[PDB]
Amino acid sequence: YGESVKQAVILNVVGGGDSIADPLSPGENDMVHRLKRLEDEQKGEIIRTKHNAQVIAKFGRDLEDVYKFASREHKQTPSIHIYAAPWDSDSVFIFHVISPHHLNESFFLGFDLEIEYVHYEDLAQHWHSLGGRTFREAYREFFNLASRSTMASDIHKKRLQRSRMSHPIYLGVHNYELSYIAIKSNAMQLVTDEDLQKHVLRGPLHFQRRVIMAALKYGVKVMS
């Protein structure tokens, strides 16, 4: 039963009430932006039309009075940068999440949906004296960990290893309305909580990539 309501809330986010595009589709991202602009303009046009109706009605009244009178006298946000792996591009991809106001505050979130694996790493740099993997390293590491899975197909492992030594494909940026700290916590919830993870990392690829974004925006509340 518990499963029922989980599915229901998840489904409600990625249906209406959230304009989430597939992170691997810059085209769907454009389309979602275009629908939003159209909605916003249409609201504005409704306002203008009603303004014009009111001005018109007021002039009708004034016209009546002028008739009568004459008649008498007649007589910033965290940026989520998206990269697909050069192999199995639809299933293997990486987020680079950047804090808007710290030079070196960011984290990595890597996904292999073929084996349903997610890896998080903090990339922040912090100096301490009483008074830190690079992005590339995190990328390379991620392919090693994924190729480790016993669940990984022999052929899968081979493409993971080739992606590891190749350049990823940048697909652009998402910007949602939450803090660095919140998205960071969401990302870690995604990796640490096994239940949430099993609910997010499943179903048709297109839907699951949107659900991933929903999980980034809400964490466990993606099933609230």
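Sequential numbering from 1, following the sequence displayed.
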ask   = Which class fits the unmodelled deposited stretch between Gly131 and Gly132: none, 1 to 3, 4 to 9, or 10 or more?
value = 4 to 9
ask   = Unmodelled deposited residues between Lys75 and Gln76: none, 1 to 3, 4 to 9, or 10 or more?
value = 10 or more
key: Higher-scoring stretch by recorded Cα B factor average, 26-34 or 159-167   = 159-167
Stretch with the greater mean C-alpha B-factor as recorded in the entry, comparing 44-52 against 61-69 = 61-69
query = Out of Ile181, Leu196, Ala187, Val173, which residue has the highest Cα temperature factor in the PDB record?
reply = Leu196
Out of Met151, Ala85, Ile80, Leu109, residue topping the C-alpha B-factor column of the entry = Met151
inquiry  = Looking at the temperature factor on the CA atom of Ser91, which third of the chain's modelled residues does it land in?
reply    = middle
request  = Taking the chain's C-alpha temperature factors as the reference, tell me which third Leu103 falls into: lowest, middle or highest.
outcome  = highest
query = Going by what the PDB entry lists, where does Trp127 fall on CA B-factor within its chain: lowest, middle or highest third?
reply = highest
message = Among the modelled residues of this chain, does the Cα B factor of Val118 put it in the lowest, middle or highest third?
response = middle
ask   = Mind checking which third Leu145 falls in for C-alpha B-factor across the chain?
value = middle
